[PDB]
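Chemist: Let me begin by handing over the structure; questions about it come next.
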Amino acid sequence: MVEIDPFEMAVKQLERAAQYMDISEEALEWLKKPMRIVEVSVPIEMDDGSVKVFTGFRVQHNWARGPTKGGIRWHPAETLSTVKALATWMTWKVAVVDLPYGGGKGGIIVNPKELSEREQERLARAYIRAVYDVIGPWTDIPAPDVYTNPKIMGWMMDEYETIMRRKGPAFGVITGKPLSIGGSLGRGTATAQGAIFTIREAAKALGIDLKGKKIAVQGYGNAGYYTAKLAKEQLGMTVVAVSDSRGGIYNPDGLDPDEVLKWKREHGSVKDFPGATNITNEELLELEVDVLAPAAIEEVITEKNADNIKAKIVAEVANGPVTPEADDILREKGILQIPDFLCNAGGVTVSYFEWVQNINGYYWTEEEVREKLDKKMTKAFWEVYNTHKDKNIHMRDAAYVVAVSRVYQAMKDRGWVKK
C-alpha cells in the first residue's frame, strides 16, 4: 500500500493549483495526459562485433504555446513514469518566464559509465535516427541533462545534419552545444545569474539596502561558487559562510569566493580554511544572515529547523530544496522564499537564447546576453510576487497560478478547449 509514482505526484500538484484559479473541468483533464509518447528500441553495435538493443523514450507534453523543449536523461533507473513527471514539470517552467515553449523529456535506459567513447557515439547517433520523425528545429528541441554533456549534444546535431540533407536550420535542433559549432556564450554563468537578479529585486520589494548584507550558501558546486562570486562584485553583499559536503566555514568580516577555489582544488574540501570556523550544515541553515540560497540536494530546509531560520530572502536555487511543511512556518515569520522553477529558470532562458541565435544566424556577445536576461527574470518575478499580493497565497502556489494561466489561455485561443 506504499507506492509513490512520480507521474501521479505531478498530477496531484496540478490539482492543487486548480483551486487557486478559475479553470474549467474540460481543460483540467486535458493537461493530465501528454499528447504524444514515443517509446523506441535503439540498437547499437558493441565493441566485439555484437548487437544490443536499448529502450529509448520521447515524451512531448503540450505544444500549445510553441515548440516543446526538454532535456535528455541517460540513467539505468529510468522509467516512463519518471520521464512523464519531468515532462509535465517542464511545461510550468518554460511558461513562468514567458518563453514560447512547451514541455518535454527523453530518456534511454542505459548506464553510461560502462560504455566506451566510441560506443557513446553509436548510441547518441542511433537515438536520433529512431525519433527523427517527432523532433526538429520548430517541433521538439533536446537539451543536456543528467549523464549528458556538451560533447554528446554535438554528435546528435551531426546525425541530424546527415538525415535532413542540410535543408533547414540544423544548429537549432538542439541547445547546449560547444562554442565552435554554434553554441552561445553565458552558459557557464547561466543558472547563477538568474538568482542574482531576483535577489536584487526581492530586496527592492522589501526595501532593503543591500550594500553590506550577509549571505550563507549551502553547497559549493558550479552554482554555489558563481552565486557567491557575483554576490560580492555585482551586488556587494558580505560573503560570510560557504559550505560543501564536508562542512562549513565562518568569517563575520568577509570571504574570498575566488581564493576558496584555489584551496578546494588544492586540498580536498574547504575544510580548515585559514581564518575560518569548521561548523556543520545544520548550524549554517539557522544562522542570522540576510539571505539564504541552497545550492545542494533537495529537502535541506525542513520542518525540523523551520522555526529557527533567521533570514529575509530565501532563494531555492536547487530543484525543490524546501519541504511543503516548511512553507507555512516560513510564511508567517516574515520571510520571502522564491519558487524552485522561478529561481533557477536561467538555465532555460539562456538555453532559449541559443535557439534564437541559431534560427537567425547572428551570434550575440557577452554583453547582449546579460542585458536581455536581465529583463526576463525581472518581469517574471513581478508577475509572481504581485500575484501573491492580490489573492494572498504562498509564493510556491502563486507561481503555479501564473504558469497555468498562460498555457490555458493559449489552449483556449487555439480552439482546443471551448469552455
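Header lists the method as electron microscopy, 3.8 Å.
Cβ from N, Cα, C; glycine included.
Sharing the record's features from Swiss-Prot:
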- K105: active site (ACT_SITE)
- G219, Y220, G221, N222, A223, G224, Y225: NAD(+) binding site (BINDING)
Chemist: Residues near the NAD(+) site, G219, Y220, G221, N222, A223, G224, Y225 excluded, by Cβ within 8 Å of the Cβ center?
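Modeler: Apart from the listed residues, the neighbours are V217, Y226, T227, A295.
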Chemist: Is it possible to get the count of other C-beta atoms within 10 angstroms of the C-beta of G221 (NAD(+) binding site)?
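Modeler: Taking all protein chains shown, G221 (NAD(+) binding site) has 15 Cβ neighbours within 10 Å.
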Chemist: Whole-number answer please: how many Å between the C-alpha atoms of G219 (NAD(+) binding site) and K105 (active site)?
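Modeler: That comes out at 27 Å between the alpha carbons.
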Chemist: Just counting, how many other CB atoms are there within 10 A of the CB of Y225 (NAD(+) binding site)?
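Modeler: Looking across every protein chain shown, the total is 20.
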Chemist: Sequence gap of 6 or more, C-beta under 8 Å: which same-chain residues meet both conditions with respect to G224 (NAD(+) binding site)?
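Modeler: Those within reach of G224 (NAD(+) binding site), by Cβ under 8 Å and sequence separation of 6 or more, are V217, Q218, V242, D244, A295, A296.
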